[PDB]
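A.B. asks: Please read through the structure below; I'll follow up with questions.
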Amino acid sequence: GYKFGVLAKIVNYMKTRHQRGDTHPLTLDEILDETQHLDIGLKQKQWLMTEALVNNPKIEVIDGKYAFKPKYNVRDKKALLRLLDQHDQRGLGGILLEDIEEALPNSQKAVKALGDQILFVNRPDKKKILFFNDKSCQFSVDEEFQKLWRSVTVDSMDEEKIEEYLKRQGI
Amino acid sequence: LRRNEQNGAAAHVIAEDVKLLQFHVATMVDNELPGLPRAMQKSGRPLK
Amino acid sequence: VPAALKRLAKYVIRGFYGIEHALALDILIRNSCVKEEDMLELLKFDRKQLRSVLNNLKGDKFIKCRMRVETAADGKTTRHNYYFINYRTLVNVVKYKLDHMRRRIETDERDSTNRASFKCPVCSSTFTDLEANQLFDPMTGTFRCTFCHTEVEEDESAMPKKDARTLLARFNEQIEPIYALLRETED
Amino acid sequence: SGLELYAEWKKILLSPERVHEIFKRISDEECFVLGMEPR
Ligand SMILES: [Zn+2]
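Printed below as a string of structure tokens:
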């Protein structure tokens with residue numbers, strides 16, 4: 001095909017820039033010169049600028065020149081914790097640890113610094129999902145109690161038999 | 172099944188396990204059930 | 220919808236139930252009526268694991284389930300599921316887990332006594348005081364199983380019972396606070 | 407359907423324990439009506 005893999009290459013170049021650490025936004029024509037996109041037609045570049053650059057969430061537009069959003073990815077562990085709290089409040093859910101890793105250097109040290117406040121759940125793809133803990137309410141469950149729970153099955157109990165058990169026990 | 176219930180295993184796991192238990196019990200009572208698989212003896216000979 | 224009912228549901232679910240299920244109960248709290256597919260999207264969990272949890276929830280009838288059929292614009296057959304929490308059902312089901320917890324403990328101790336004291340190592344099985352004294356012969360002058368030909372000691376039976384008695388007291392202390400919450404609910 | 411029961415009014419699987427509990431709830435007098443000796 002034509003004019004798709006080139007866009008993919010530009011986006012990959014942006015990730016490479018971010019592994020470089022150049023926060024300063026760059027001109028699209030200069031990016032093309034670096035990526036050997038001069039051969040491509042100008043009209044495809046204009047269509048990219050008008051539509052695809054804005055659609056891409058990672059990309060951002062500043063002073064008429066396009067670059068990634070330094071706010072989107074996590075930069076400090078405190079902001080990661082605050083984002084987790086906000087996500088818990090608004091029901092967003094956890095965020096993928098691979099994305100957080102490529103976002104933030106030493107993200108594993110950030111999680112170690114979190115400690116108990118941060119809850120991580122394993123996934124079959126090994127991706128880690130992070131959920132903020134609830135400060136307001138703290139409870140402890142013991143394994144023997146959970147087992148004593150586990151055995152009993154209300155599904156065995158028939159609903160009429162339920163209301164009957166309350167009425168029998170005189171309350 | 173007892174270990175699965177003890178561990179609180181998946182509900183679908185317990186359901187399939189109960190289905191297999193029912194199949195085994197009903198097959199022991201009668202191996203000529205209508206429209207159901209026959210329980211062999213690992214050699215192609217149906218169990219009595 | 221008085222806040223007391225919500226407080227009861229929150230406290231019981233958060234203290235005496237599972238975290239993964241509490242995650243779904245959070246969605247149930249957020250909205251009274253939710254699509255099953257929307258519950259999936261909010262949960263962000265695999266279909267098979269969610270369906271296992273939903274089968275458990277169906278068995279315990281914590282949240283009532285209804286089936287609704289409507290005609291889509293495309294016209295293809297579509298099946299739509301609605302789950303919503305019912306306070307009246309939930310209160311009884313929860314109280315029921317709580318109540319049978321105690322019947323279990325009483326049965327455990329009934330069983331501790333049921334076990335026979337005499338036990339013989341060569342035999343490797345429990346023995347009734349009945350069988351032991353019959354095996355005893357007046358001429359020999361000492362009780363002893365006829366079969367194994369070794370003395371029987373009952374001290375081994377005593378130990379586990381004492382251990383269980385300690386566990387029961389801890390359970391009572393841990394279950395002591397939820398009853399006040401239940402009372403506030405009945406208020 | 408084979409060796410499993412389905413109760414449809416919508417339609418749910420009927421586990422053996424449900425029938426066990428229903429039969430236990432049944433009274434002895436109803437057994438005579440159903441032509442089954444209770445004892
Ligand atoms: Zn002996």
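The listed protein sequences derive, respectively, from chains R, H, E and Z. The letter at position 31 of the first sequence is residue 31 when you use the working numbering, and the numbering goes up by one with no holes. The letter at position 43 of the second sequence is residue 214 when you use the working numbering, and the numbering goes up by one with no holes. The letter at position 176 of the third sequence is residue 395 when you use the working numbering, and the numbering goes up by one with no holes. The letter at position 16 of the fourth sequence is residue 422 when you use the working numbering, and the numbering goes up by one with no holes. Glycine residues also receive a C-beta, built at the ideal position from the N, C-alpha and C atoms.
(1) Can you find at least 3 beta carbon pairs, one from the segment 99 to 112 of chain R and one from the segment 66 to 81 of chain R, that sit closer than 8 angstroms?
(2) Start and end of the alpha helix (DSSP H) containing residue 164 (chain R)?
(3) Would you check if the segment 321 to 333 of chain E and the segment 266 to 281 of chain E touch, i.e. whether three or more CB-CB distances between them fall below 8 angstroms?
(4) If we cut at 8 angstroms on Cβ distances, does residue 316 (chain E) have a partner in chain R?
(5) Please determine, among E:370, E:299, E:301 and E:349, the residue with the shortest C-alpha to C-alpha distance to residue 341 (chain E).
(6) Give the single residue among E:223, E:367, E:236 and E:220 whose Cα lies nearest to the Cα of residue 143 (chain R).
(7) At a cut-off of 7 angstroms, would you count residue 366 (chain E) as near ligand 1, judging by its Cβ distance to the nearest heavy atom?
(8) Just to make sure I have the definition right: I need the residues of chain R whose C-beta is within less than 7 angstroms of the C-beta of residue 225 (chain E). Which are they?
(9) Residue 172 (chain R) bridges to which residues according to DSSP?
(10) Rounded to whole angstroms, what is the Cα-Cα separation between residue 249 (chain E) and residue 89 (chain R)?
(11) Let's test the definition: count the other Cβ atoms within 10 Å of the Cβ of residue 302 (chain E) and tell me whether it reaches 16, buried, or not, exposed.
(12) With residue 272 (chain E) and residue 243 (chain E) assumed to form a contact (beta carbons below 8 angstroms), what rounded beta-carbon distance in angstroms separates them?
(13) Do we get a CB-CB distance below 8 angstroms when we pair residue 150 (chain R) with the residues of chain H?
(14) Determine the closest residue to residue 331 (chain E) out of E:313, E:318, E:257 and E:345, with distance taken between C-alpha atoms.
(15) Exposed or buried, what is residue 267 (chain E) when buried is set at 16 or more other beta-carbons lying within 10 Å of its beta-carbon?
(16) With a cut-off of 8 angstroms, does the C-beta of residue 179 (chain H) fall near any C-beta of chain Z?
(17) Mind listing which residues of the segment 62 to 81 of chain R have their C-beta closer than 7 angstroms to chain E's C-betas, in chain order?
(18) Tell me whether residue 196 (chain H) sits in a helix, a strand or coil according to DSSP, three-state version.
(19) Assuming residue 137 (chain R) and residue 287 (chain E) form a contact by the criterion Cβ under 8 angstroms, report the distance between their Cβ atoms to the nearest whole angstrom.
(20) Check whether the Cβ of residue 275 (chain E) lies closer than 8 angstroms to any Cβ atom in chain H.
(21) Entirely within the segment 21 to 47 of chain R and at least 4 residues each: give me those alpha helix (DSSP H) ranges in chain order.
(22) Can you pull the chain H residues whose beta carbon is under 8 angstroms from the beta carbon of residue 323 (chain E), in chain order?
(23) So if DSSP puts residue 414 (chain Z) in a beta bridge, which residue, or which two residues, is it bridged to?
(24) To the nearest angstrom, how far is it from the Cα of residue 361 (chain E) to the Cα of residue 368 (chain E)?
(25) Note down, in chain order, all residues in the segment 125 to 146 of chain R with a beta-carbon under 9 angstroms from any beta-carbon belonging to chain E.
(26) With residue 319 (chain E) as the anchor, note down where its alpha helix (DSSP H) starts and where it stops.
C.D. replies: Walking through what the data contain:
(1) yes
(2) The residue labelled residue 164 (chain R) in the question sits at position 164 within the first sequence. Looking at the DSSP string, the run of the alpha helix (DSSP H) that includes residue 164 (chain R) is 159 to 168.
(3) Taking a cut-off of 8 angstroms on C-beta distances, the segment 266 to 281 of chain E does not touch the segment 321 to 333 of chain E, as fewer than three cross pairs fall below it.
(4) Reading the third sequence from its first residue, position 97 is the one you call residue 316 (chain E). Yes, its Cβ sits closer than 8 angstroms to a Cβ of chain R.
(5) Position 122 of the third sequence, counted from the start, is the residue given in the question as residue 341 (chain E). With distances taken between Cα atoms, residue 341 (chain E) lies closest to E:370.
(6) For the purposes of this step, residue 143 (chain R) is taken as residue 143 along the first sequence, with counting starting at 1. Measuring C-alpha to C-alpha distances from residue 143 (chain R) to each of E:223, E:367, E:236 and E:220 identifies E:236 as the nearest.
(7) The residue labelled residue 366 (chain E) in the question sits at position 147 within the third sequence. Within the cutoff, so yes.
(8) Along the third sequence, read from residue 1 onward, the residue named residue 225 (chain E) stands at position 6. What residue 225 (chain E) touches in chain R: nothing, since even the nearest Cβ is about 14 angstroms away.
(9) Shown here, chain R extends from 1 to 171; a query on residue 172 (chain R) therefore has no answer.
(10) Position 30 of the third sequence, counted from the start, is the residue given in the question as residue 249 (chain E). Position 89 of the first sequence, counted from the start, is the residue given in the question as residue 89 (chain R). Looking at the two C-alpha atoms, the distance is approximately 11 angstroms.
(11) Taking the third sequence and counting its residues from 1, one reaches residue 302 (chain E) at position 83. Here residue 302 (chain E) is buried. Its C-beta has 16 or more other C-beta atoms within 10 Å.
(12) Counting from 1 along the third sequence, the entry for residue 272 (chain E) is found at position 53. Counting from 1 along the third sequence, the entry for residue 243 (chain E) is found at position 24. Right, their Cβ atoms sit about 7 angstroms apart.
(13) Here residue 150 (chain R) corresponds to residue number 150 of the first sequence, with the count starting at 1. Judged by the 8 angstroms Cβ criterion, residue 150 (chain R) is in contact with chain H.
(14) In the third sequence, residue 331 (chain E) corresponds to position 112, counting from 1. Of E:313, E:318, E:257 and E:345, the residue nearest in Cα terms is E:345.
(15) Locating residue 267 (chain E) in the third sequence gives position 48, where the first residue counts as 1. With fewer than 16 other Cβ atoms within 10 Å, it is exposed.
(16) For the purposes of this step, residue 179 (chain H) is taken as residue 8 along the second sequence, with counting starting at 1. For residue 179 (chain H), the answer is no, since every Cβ of chain Z falls outside 8 angstroms of its Cβ.
(17) Cβ contacts with chain E come from no residue of the segment 62 to 81 of chain R.
(18) Here residue 196 (chain H) corresponds to residue number 25 of the second sequence, with the count starting at 1. It is helical.
(19) If you number the first sequence from 1, residue 137 (chain R) lands on position 137. If you number the third sequence from 1, residue 287 (chain E) lands on position 68. Actually they are not in contact, since the Cβ atoms of residue 137 (chain R) and residue 287 (chain E) sit about 35 angstroms apart, beyond 8 angstroms.
(20) Here residue 275 (chain E) refers to the residue found at position 56 when the third sequence is read from its first residue. Yes, residue 275 (chain E) counts as interfacial toward chain H.
(21) Qualifying alpha helix (DSSP H) stretches, in chain order: 28 to 35 and 42 to 47.
(22) What you label residue 323 (chain E) is simply residue 104 of the third sequence in a count that begins at 1. Chain H residues near residue 323 (chain E): none, gap ~14 angstroms exceeds 8 angstroms.
(23) Sequence index remark: in the fourth sequence, residue 414 (chain Z) carries index 8 (1-based). Bridge partners of residue 414 (chain Z): Z:417.
(24) Locating residue 361 (chain E) in the third sequence gives position 142, where the first residue counts as 1. Locating residue 368 (chain E) in the third sequence gives position 149, where the first residue counts as 1. If you take the alpha carbons of residue 361 (chain E) and residue 368 (chain E), they lie about 11 angstroms apart.
(25) Under the 9 angstroms Cβ criterion, the segment 125 to 146 of chain R contributes 129, 131, 134, 137, 139, 140, 141, 142, 144, 145 and 146.
(26) As a first step, residue 319 (chain E) must be located in the third sequence, where it is residue number 100. First-last of the alpha helix (DSSP H) with residue 319 (chain E): 306 to 333.
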